[PDB]
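What follows is a single chain, given as structure tokens, in the form solved without the named molecule.
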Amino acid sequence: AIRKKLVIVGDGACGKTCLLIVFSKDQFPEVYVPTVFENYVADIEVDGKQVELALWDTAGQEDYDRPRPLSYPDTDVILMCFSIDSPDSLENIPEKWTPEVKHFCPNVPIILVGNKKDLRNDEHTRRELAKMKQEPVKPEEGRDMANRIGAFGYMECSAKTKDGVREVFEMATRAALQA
């Protein structure tokens, strides 16, 4: 297999760990783990190519003992995530994650990923955002942000329902394979 390294970044609680675990293990987790610490290397075939994809989960600022800069060397593709239930997590894409990723991983392809797509039509989510004069992120807003940051693509998924999960990793693998 062709070997590639994937790093996932984005705001705390936007669904990074659950996305990796659903992709890797095909089951939504029952216990809470801030960052996947088991070594996961996933086998995936795309366009008739066998690829081994190392999945590197990342910690928040508060985890000073496991700092994120150590994750960036030799990265082949980035998943840069926000949550569709959190317009705040989208605004951090240009203001925090893109400056960080492009600093440490110049010229590495980025897939922008909108997580928790199942919450777009969730009424608890709608009600809570409405009290803040907010609403769920629209797909067009994600695509616009993908243009702004020079992402290779924009994808939406739900780790909870599995919708779009495989496709995220397939797109990321295709990006990582580009010469």
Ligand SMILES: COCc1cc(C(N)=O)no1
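When you see a residue number, it is the position in the sequence shown, counting from 1.
Beyond the structure shown, there is the form deposited with the named molecule bound, which is absent from this document and is the topic of what follows.
**Q** Quick one: is residue 44 in contact with the named molecule in the entry with it bound, heavy atoms, 4.5 Å cut-off?
**A** Yes, residue 44 is a contact residue.
**Q** So, residue 123 and the named molecule: in the entry with it bound, are they within 4.5 Å at any heavy atom pair?
**A** Although the named molecule is absent here, residue 123 would stay clear of it in the entry with it bound, with no heavy atoms inside 4.5 Å.
**Q** May I ask you to check whether residue 70 falls inside a 4.5 Å heavy atom distance of the named molecule in the entry with it bound?
**A** Output for residue 70 is yes: heavy atoms within 4.5 Å of the named molecule.
**Q** What residues of 19-39, in sequence order, lie within 4.5 Å of the named molecule in the entry with it bound by heavy atom?
**A** Residues within 4.5 Å: 23, 25, 26, 29, 30, 31, 32.
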